[PDB]
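To keep things clear, I will list the structure first and then write my remarks on it.
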Amino acid sequence: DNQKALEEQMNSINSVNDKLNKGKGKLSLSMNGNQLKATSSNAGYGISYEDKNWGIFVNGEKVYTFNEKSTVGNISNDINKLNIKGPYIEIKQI
């Protein structure tokens, strides 16, 4: 697996946006030490009208499941509660 999560600090946490960032609505995530930062662009919209199952895996532990069915806006409202902190976070679709 990712021993040091070096690759995670390269593309990973940037590309995680690239799945979420599609059109109608999109999601963006960042960190600040032990801080979690999510943003939905277009403020409330979802992908379009499709279904997607997602997760966030701390060392291979899916701590949260969101669906692009849910507007990535309303989802980032959730990302504020869930407050996804380290370590090793794998945010991707499943």
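Sequential numbering of the sequence shown, starting at 1, is according to the authors' numbering. Ideal Cβ positions, reconstructed from N, Cα and C, are used throughout, including at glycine.
Would you grab the beta carbon distance between residue i and residue j for me? Rounded to a whole angstrom, and I think it's under 8 Å.
i: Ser-28; j: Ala-43; result: 12 Å between Cβ atoms; not a contact.
Can you tell me which of the three DSSP states residue i falls into?
i: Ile-94; result: coil
i: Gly-55; result: strand
i: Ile-89; result: strand
i: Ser-40; result: strand
Out of the options, state which residue places its alpha-carbon closest to the alpha-carbon of residue i.
i: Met-31; options: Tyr-64, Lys-52, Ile-13, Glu-61; result: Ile-13
i: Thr-65; options: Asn-77, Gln-93, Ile-47, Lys-22; result: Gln-93
i: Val-58; options: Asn-80, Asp-51, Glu-90, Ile-75; result: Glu-90
Buried or exposed, going by whether 16 or more other CB atoms sit within 10 Å of the CB of residue i?
i: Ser-48; result: exposed
i: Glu-68; result: buried
i: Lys-4; result: exposed
Could you pull out every residue in the same chain whose Cβ sits closer than 8 Å to the Cβ of residue i, ignoring the five residues on either side in sequence?
i: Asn-2; result: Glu-8, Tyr-88
Only counting the same chain, and skipping five residues up and downstream in sequence, which positions put a Cβ closer than 6 Å to that of residue i?
i: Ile-84; result: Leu-36, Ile-56
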